[PDB]
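Engineer: sequence first, structure after, both from an experimental entry:
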Amino acid sequence: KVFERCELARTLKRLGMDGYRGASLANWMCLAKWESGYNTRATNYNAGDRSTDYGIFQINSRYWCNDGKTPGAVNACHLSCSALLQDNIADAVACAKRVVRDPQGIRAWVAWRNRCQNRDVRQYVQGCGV
């Protein structure tokens, strides 16, 4: 499913993301934007290390979810990576909450550092009513 901006904003707020671990809703919006363009079925195979990024938040199969084909992987979120491709983003959100809880916080996603950190992220939530 390809989410419309404000639709995603409101949906994330309902799931308890605004301020989750100190990270504002606008930051979560910036991240989803650059990772998949609000696409729940987005996948990126990483040839260099045989891992795959799944879903709206592009969660990696080496540490967070299990797809069965990634060498020496962990399943920290305790979910099949298939769960991260559903139109309903409740599982992905739950796995995203687990990812930020780690030592780097939201900095865990390199895309965040490149396109969101130290920038004006207001534009991602303006007029959405959140």
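Structural biologist: In hand now; what should we look at? Residues are numbered from 1 along each chain as shown.
Engineer: where does the one residue sitting closest to the centre of the chain sit, in terms of helix or strand?
Structural biologist: Residue closest to the mean C-alpha point of the chain, counted by CA atoms, centre = their mean, is residue 57 at 2.2 Å. Using DSSP states H and E, residue 57 is not contained in any helix or strand.
Engineer: list the contacts of it.
Structural biologist: Contact partners of residue 57, counting by CB atoms under 8 Å, 6 or more residues apart in numbering, are 31-32, 35-36, 84, 92, 95-96, 99, 109. C-beta coordinates here come from the backbone N, C-alpha and C atoms, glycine included.
Engineer: tell me the one of these nearest residue 20?
Structural biologist: Taking CB to CB as the measure, residue 20 lies nearest residue 96 of these, at 8.3 Å.
Engineer: one step back: what sits closest to the residue nearest to the centre of the chain if chain neighbours are left out?
Structural biologist: The shortest distance from residue 57 to any residue that is not its chain neighbour, by CB to CB, 6 or more residues apart in numbering, is 4.9 Å, and that residue is residue 96.
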